[PDB]
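Below is one structure; the comments refer to it alone.
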Amino acid sequence: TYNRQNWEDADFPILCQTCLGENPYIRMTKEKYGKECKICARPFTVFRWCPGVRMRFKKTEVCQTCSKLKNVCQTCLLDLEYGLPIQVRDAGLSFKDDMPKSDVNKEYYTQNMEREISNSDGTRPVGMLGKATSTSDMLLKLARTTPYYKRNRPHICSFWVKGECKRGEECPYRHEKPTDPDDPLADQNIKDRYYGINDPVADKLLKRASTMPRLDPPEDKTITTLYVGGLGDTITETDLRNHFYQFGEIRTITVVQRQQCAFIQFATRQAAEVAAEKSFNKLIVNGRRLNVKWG
Amino acid sequence: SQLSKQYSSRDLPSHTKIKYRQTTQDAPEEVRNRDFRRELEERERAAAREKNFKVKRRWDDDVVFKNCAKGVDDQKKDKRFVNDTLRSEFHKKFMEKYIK
Amino acid sequence: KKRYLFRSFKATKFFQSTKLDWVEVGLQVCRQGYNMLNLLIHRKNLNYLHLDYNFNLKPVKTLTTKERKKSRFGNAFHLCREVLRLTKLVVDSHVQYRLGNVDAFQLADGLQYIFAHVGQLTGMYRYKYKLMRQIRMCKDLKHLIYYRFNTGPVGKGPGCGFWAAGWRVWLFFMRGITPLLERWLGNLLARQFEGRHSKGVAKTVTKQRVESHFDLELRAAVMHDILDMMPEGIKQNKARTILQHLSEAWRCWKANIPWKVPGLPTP
RNA sequence: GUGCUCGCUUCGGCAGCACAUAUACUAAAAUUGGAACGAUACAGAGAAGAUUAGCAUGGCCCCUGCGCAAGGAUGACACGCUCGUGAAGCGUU
RNA sequence: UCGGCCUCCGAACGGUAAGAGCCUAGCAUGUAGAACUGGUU
Ligand SMILES: O=P(O)(O)O[C@H]1[C@H](OP(=O)(O)O)[C@H](OP(=O)(O)O)[C@H](OP(=O)(O)O)[C@@H](OP(=O)(O)O)[C@H]1OP(=O)(O)O
Ligand SMILES: [Mg+2]
Ligand SMILES: [Mg+2]
Ligand SMILES: [Mg+2]
Ligand SMILES: [Mg+2]
Ligand SMILES: [Mg+2]
Ligand SMILES: [Mg+2]
Ligand SMILES: [Zn+2]
Ligand SMILES: [Zn+2]
């Protein structure tokens, strides 16, 4: 009857490079208990600053305990390792964690894991760090590495949306016209983006990741000999032999300069299919961009 | 509770100092060097030392019972500490004093 | 230590300084306090209550049982409302002198009447019963001023003006009454904004709670002194039956009935 | 910008120097979700006849109060657990 | 041809149950976030 979750009173916000910006010379503001968490509603430490010039004066949304749980940004709410949504990372690696939806059970379980992190080291994205090391399987085909500043771009001038921003360029909000409200990508529930449930950006990137045949290959009719186009004479048989030595034994490693085909064939059919799925427009052998097809 | 902003008037800053025992107040510096044993036998010895025609009859002859106040003596019978309040002498005195 | 809170505010960017006429400051403070009391009304959604302008509180309509029970206030709110009514009276007298409706002798005599007739014009006694010591001293100062004044050709006319002594008395009362008011209003603000701790700090065992807490502690002592001679086994501990045996024993001692259960263990 | 120049050199500007030094939840927003509980209907005041003073106790039950005060119907709510059936373990034949 | 003494002064709780629910106020936000396409028997 005397139970409550303690308050996130700590420094060091764990932020993206994108929301972090481009300036190395950073001026900073910190509120102690100015707002509450957007998810677990603990009174957390607000971090507000200006990363660049054309700015929103960006600030943190959820608590540091929730960010320590989910390894997402405190502002951008996207995963810090890849720049991807946590729905995308949970679909890629492990989606067995979840969260309770009722407020009392959510606050009680949040107090339990807050006690767990307080007894733990402090810098750890909880239990699935041991199972999250197996990355760059497919999610790094579309995971961002660039610091994206168009989402750090400030909010839209609703007065000039109505056509009545008398300030003009003195108004620090954006004097460009807004996006489509009928577009489901514009909805973006913050609790849905936290929970990893039906985020439209995550569904759009999953639909995009279903398009490239980066590991399909297998155009040979039950034959291990896959011909990689785009190789030419730059990729020789030695690069295919060194690639297939990790997968076992190479049944047929060859280079044909007439068709620009790197003929790769492991002794095992599964190893040959794995090498073809690696080299189906997703691997470079001896400086030559390989794209697997029938051989 | 680290977060409460309600202040009772018994929660005010008051009596903030702590007095300590002086050497007149049996300070621990003299408690160590003092031995309480021969203090206790000298004080017990002090307590044991300071523990110590026509003729008529008699005019009062026309009664039936003589000398009835013979064995009447309270002494330490009231001083006997009966630890039973049904038979407590103060309780009996209370009943006769407060009941007519 | 001195610890000047005005310098503490002046160090912050939320407080600046200016130069102002005191009548304008009094009008500002009266308007501010009226807005504070209306805001406290709207915080608890007491829109069927209403403050006048002269800090008079009245229900707009009749109340239910729920609106009757929930609108019960404390001493601090009603007393500071009455204090704001008194300062509104002082500011009103200053304003009607400043418009020239009254004479300066009339403003002094009106301050004399205000300082001598505090409880006859305000409800100090309803929320703090201590203040008629100060009202008695104001009456005594009024009689001393009157009987030093009515000496020659002047009589008991209505124009006697002096206010410095009652000003001294009520402002020395004000520096007395400030921190208790601040702590009560802080507890009010903490219950308003942090909510009410329904459990909170544990209640004292007062006079109405003596026998119940004594029997509760006796029953807890019975439980602690019955759990400890039990050996290994015995599923039917029957502590409710032991409580019934003890209650029947105490009731039969109250009734002077010979209580005996021959099936009962000896210790 | 102002102040000053062994100025450029006209007496204007320019050039140099000097000091001047990083306002702001930035919205006059757009939108976003909870909502007093008034109304109506619903609704029925503890202690085994009625009339019922009450203090408790409990916890994810709260209100009013400045409460370590007192009220809110005692504020509300807060009983049902002695034989066969077999099982396995060990001891005897 | 002779001395003086002057307590006090009022408010709440405690009675016009409690519960319940539906539409309605008051009031809380001024947010975070939109990544789209190419190599061979
Ligand atoms: O001097 P007055 O004009 O004759 O009135 C005063 C005084 O009234 P004001 O303060 O308005 O002058 C008192 O009235 P309130 O203060 O109570 O309103 C009242 O008697 P108290 O002083 O005993 O309260 C009164 O009548 P009374 O002569 O019978 O005493 C008399 O008092 P003064 O004796 O001081 O003149
Ligand atoms: Mg009955
Ligand atoms: Mg009572
Ligand atoms: Mg009560
Ligand atoms: Mg009752
Ligand atoms: Mg009662
Ligand atoms: Mg109750
Ligand atoms: Zn970020
Ligand atoms: Zn949180």
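Going by the structure tokens order, chains are called A, B, ..., each with residues numbered from 1, while ligands are numbered from 1 in the order shown.
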TODO: Please extract the residues at most 9 Å from ligand 9, counting only C-alpha atoms (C1' of nucleotides) and all ligand atoms, and provide them as a VMD selection string, using the chain letters and residue numbers of this document.
DONE: chain A and resid 8 36 to 44 62 to 67 69 110
Could you tell me, counting only C-alpha atoms (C1' of nucleotides) and all ligand atoms, which protein and nucleic acid residues lie no more than 8 Å from ligand 1, written as a PDB file with N, CA, C and O atoms, in the first residue's frame?
```pdb
ATOM      1  N   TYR C 113     -11.789  53.614  12.378  1.00  0.00           N
ATOM      2  CA  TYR C 113     -12.951  52.745  12.515  1.00  0.00           C
ATOM      3  C   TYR C 113     -12.654  51.330  12.037  1.00  0.00           C
ATOM      4  O   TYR C 113     -13.122  50.366  12.653  1.00  0.00           O
ATOM      5  N   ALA C 116     -10.450  49.749  14.712  1.00  0.00           N
ATOM      6  CA  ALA C 116     -11.173  49.531  15.955  1.00  0.00           C
ATOM      7  C   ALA C 116     -12.355  48.584  15.809  1.00  0.00           C
ATOM      8  O   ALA C 116     -12.904  48.149  16.827  1.00  0.00           O
ATOM      9  N   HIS C 117     -12.763  48.254  14.588  1.00  0.00           N
ATOM     10  CA  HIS C 117     -13.951  47.445  14.357  1.00  0.00           C
ATOM     11  C   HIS C 117     -13.639  46.308  13.403  1.00  0.00           C
ATOM     12  O   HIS C 117     -14.310  46.112  12.390  1.00  0.00           O
ATOM     13  N   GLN C 120     -16.061  43.325  14.402  1.00  0.00           N
ATOM     14  CA  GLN C 120     -17.421  43.764  14.135  1.00  0.00           C
ATOM     15  C   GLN C 120     -17.695  43.893  12.641  1.00  0.00           C
ATOM     16  O   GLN C 120     -18.861  43.972  12.238  1.00  0.00           O
ATOM     17  N   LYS C 139      -9.814  48.031  21.101  1.00  0.00           N
ATOM     18  CA  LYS C 139     -10.858  48.726  21.849  1.00  0.00           C
ATOM     19  C   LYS C 139     -10.271  49.576  22.967  1.00  0.00           C
ATOM     20  O   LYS C 139     -10.727  50.701  23.202  1.00  0.00           O
ATOM     21  N   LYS C 142      -8.685  52.527  21.447  1.00  0.00           N
ATOM     22  CA  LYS C 142      -9.760  53.430  21.048  1.00  0.00           C
ATOM     23  C   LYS C 142     -10.282  54.232  22.233  1.00  0.00           C
ATOM     24  O   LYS C 142     -10.505  55.442  22.119  1.00  0.00           O
ATOM     25  N   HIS C 143     -10.441  53.581  23.387  1.00  0.00           N
ATOM     26  CA  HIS C 143     -10.916  54.276  24.580  1.00  0.00           C
ATOM     27  C   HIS C 143      -9.859  55.222  25.135  1.00  0.00           C
ATOM     28  O   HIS C 143     -10.195  56.304  25.628  1.00  0.00           O
ATOM     29  N   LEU C 144      -8.583  54.833  25.055  1.00  0.00           N
ATOM     30  CA  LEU C 144      -7.494  55.703  25.488  1.00  0.00           C
ATOM     31  C   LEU C 144      -7.378  56.934  24.599  1.00  0.00           C
ATOM     32  O   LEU C 144      -7.193  58.050  25.101  1.00  0.00           O
ATOM     33  N   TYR C 146      -9.868  58.169  22.748  1.00  0.00           N
ATOM     34  CA  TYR C 146     -11.086  58.931  23.002  1.00  0.00           C
ATOM     35  C   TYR C 146     -11.027  59.718  24.302  1.00  0.00           C
ATOM     36  O   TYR C 146     -11.492  60.855  24.346  1.00  0.00           O
ATOM     37  N   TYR C 147     -10.455  59.156  25.361  1.00  0.00           N
ATOM     38  CA  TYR C 147     -10.492  59.821  26.654  1.00  0.00           C
ATOM     39  C   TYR C 147      -9.255  60.673  26.908  1.00  0.00           C
ATOM     40  O   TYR C 147      -9.217  61.421  27.890  1.00  0.00           O
ATOM     41  N   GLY C 155     -16.472  66.765  21.661  1.00  0.00           N
ATOM     42  CA  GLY C 155     -17.316  65.778  22.300  1.00  0.00           C
ATOM     43  C   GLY C 155     -17.153  64.413  21.671  1.00  0.00           C
ATOM     44  O   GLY C 155     -16.084  64.089  21.150  1.00  0.00           O
ATOM     45  N   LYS C 156     -18.222  63.622  21.658  1.00  0.00           N
ATOM     46  CA  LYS C 156     -18.180  62.249  21.159  1.00  0.00           C
ATOM     47  C   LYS C 156     -18.614  62.168  19.704  1.00  0.00           C
ATOM     48  O   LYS C 156     -19.321  61.241  19.299  1.00  0.00           O
ATOM     49  N   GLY C 157     -18.204  63.155  18.904  1.00  0.00           N
ATOM     50  CA  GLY C 157     -18.519  63.185  17.498  1.00  0.00           C
ATOM     51  C   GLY C 157     -17.766  62.131  16.713  1.00  0.00           C
ATOM     52  O   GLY C 157     -16.850  61.460  17.209  1.00  0.00           O
ATOM     53  N   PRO C 158     -18.151  61.978  15.448  1.00  0.00           N
ATOM     54  CA  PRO C 158     -17.693  60.821  14.676  1.00  0.00           C
ATOM     55  C   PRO C 158     -16.402  61.041  13.899  1.00  0.00           C
ATOM     56  O   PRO C 158     -16.074  60.227  13.036  1.00  0.00           O
ATOM     57  N   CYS C 160     -12.978  61.357  14.902  1.00  0.00           N
ATOM     58  CA  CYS C 160     -11.691  61.145  15.552  1.00  0.00           C
ATOM     59  C   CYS C 160     -10.801  60.234  14.711  1.00  0.00           C
ATOM     60  O   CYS C 160     -11.169  59.095  14.417  1.00  0.00           O
TER      61      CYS C 160
END
```
Open item on the list: Can you pull out every residue with an atom within 12 Å of ligand 8? Use only C-alpha atoms (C1' of nucleotides) and all ligand atoms and format it as number ranges by chain.
Closed with: A: 13-21, 51, 58-62, 67, 71-85, 147-149, 151-152; E: 32-33
Output for the residues just chosen: C-alpha atoms (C1' of nucleotides) as a PDB file, in the first residue's frame:
```pdb
ATOM      1  CA  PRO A  13      20.446  10.742 -22.119  1.00  0.00           C
ATOM      2  CA  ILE A  14      20.982   7.867 -24.530  1.00  0.00           C
ATOM      3  CA  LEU A  15      20.229   9.427 -27.902  1.00  0.00           C
ATOM      4  CA  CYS A  16      20.604   8.788 -31.612  1.00  0.00           C
ATOM      5  CA  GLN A  17      23.235  10.386 -33.801  1.00  0.00           C
ATOM      6  CA  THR A  18      20.318  11.718 -35.883  1.00  0.00           C
ATOM      7  CA  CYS A  19      18.674  13.579 -33.001  1.00  0.00           C
ATOM      8  CA  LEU A  20      22.145  14.286 -31.597  1.00  0.00           C
ATOM      9  CA  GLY A  21      22.882  16.354 -34.693  1.00  0.00           C
ATOM     10  CA  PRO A  51      21.356  20.249 -32.258  1.00  0.00           C
ATOM     11  CA  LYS A  58      14.267  18.863 -29.525  1.00  0.00           C
ATOM     12  CA  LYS A  59      13.749  17.221 -26.152  1.00  0.00           C
ATOM     13  CA  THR A  60      13.354  13.795 -24.588  1.00  0.00           C
ATOM     14  CA  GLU A  61       9.968  12.061 -24.449  1.00  0.00           C
ATOM     15  CA  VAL A  62      10.129   8.923 -22.289  1.00  0.00           C
ATOM     16  CA  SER A  67      14.999   3.791 -22.864  1.00  0.00           C
ATOM     17  CA  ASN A  71      17.290   0.565 -26.454  1.00  0.00           C
ATOM     18  CA  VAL A  72      15.454   3.291 -28.357  1.00  0.00           C
ATOM     19  CA  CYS A  73      16.044   7.021 -28.480  1.00  0.00           C
ATOM     20  CA  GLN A  74      14.592   9.202 -25.756  1.00  0.00           C
ATOM     21  CA  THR A  75      13.373  11.640 -28.436  1.00  0.00           C
ATOM     22  CA  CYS A  76      13.149   9.757 -31.743  1.00  0.00           C
ATOM     23  CA  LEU A  77      11.841   6.485 -30.155  1.00  0.00           C
ATOM     24  CA  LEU A  78      13.773   4.403 -32.708  1.00  0.00           C
ATOM     25  CA  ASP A  79      16.405   1.786 -31.940  1.00  0.00           C
ATOM     26  CA  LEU A  80      19.876   3.157 -31.300  1.00  0.00           C
ATOM     27  CA  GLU A  81      21.926   0.392 -32.925  1.00  0.00           C
ATOM     28  CA  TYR A  82      20.346   0.620 -36.392  1.00  0.00           C
ATOM     29  CA  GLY A  83      18.074   3.676 -36.568  1.00  0.00           C
ATOM     30  CA  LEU A  84      15.138   1.278 -37.078  1.00  0.00           C
ATOM     31  CA  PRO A  85      11.834   1.010 -35.201  1.00  0.00           C
ATOM     32  CA  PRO A 147      22.247  11.207 -39.365  1.00  0.00           C
ATOM     33  CA  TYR A 148      18.735  11.964 -40.606  1.00  0.00           C
ATOM     34  CA  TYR A 149      17.946  15.642 -40.028  1.00  0.00           C
ATOM     35  CA  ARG A 151      12.933  14.250 -38.932  1.00  0.00           C
ATOM     36  CA  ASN A 152      14.771  16.741 -36.698  1.00  0.00           C
TER      37      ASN A 152
ATOM     38  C1'   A E  32       7.931  12.087 -30.805  1.00  0.00           C
ATOM     39  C1'   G E  33       7.625  10.167 -35.676  1.00  0.00           C
TER      40        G E  33
END
```
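Using only C-alpha atoms (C1' of nucleotides) and all ligand atoms as the basis for the distance check, residues found within 12 Å of ligand 5 are residues 45, 46, 47, 52, 53, 54, 55, 56, 71, 72, 73, 74 and 75 of chain D; 14 and 17 of chain E.
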- [ ] Check the DSSP output for the backbone and give back, as a count of residues only, the residues of segment 28-268 of chain A in strand (DSSP E or B).
- [x] 38
Open item on the list: Taking only C-alpha atoms (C1' of nucleotides) into account and nothing else, which residues of chain D lie no more than 12 Å away from chain C? Please answer as a PyMOL selection string.
Closed with: chain D and resi 35-38+54-57+59+61-72+74-75+79+81-82
Open item on the list: Using only C-alpha atoms and a cut-off of 12 Å, which residues of chain B sit close to chain A? Please list them as a list in words.
Closed with: residues 1, 2 and 3 of chain B
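The interatomic distance for the pair atom CA of residue 125 of chain A and atom CA of residue 68 of chain A works out to 5.3 Å.
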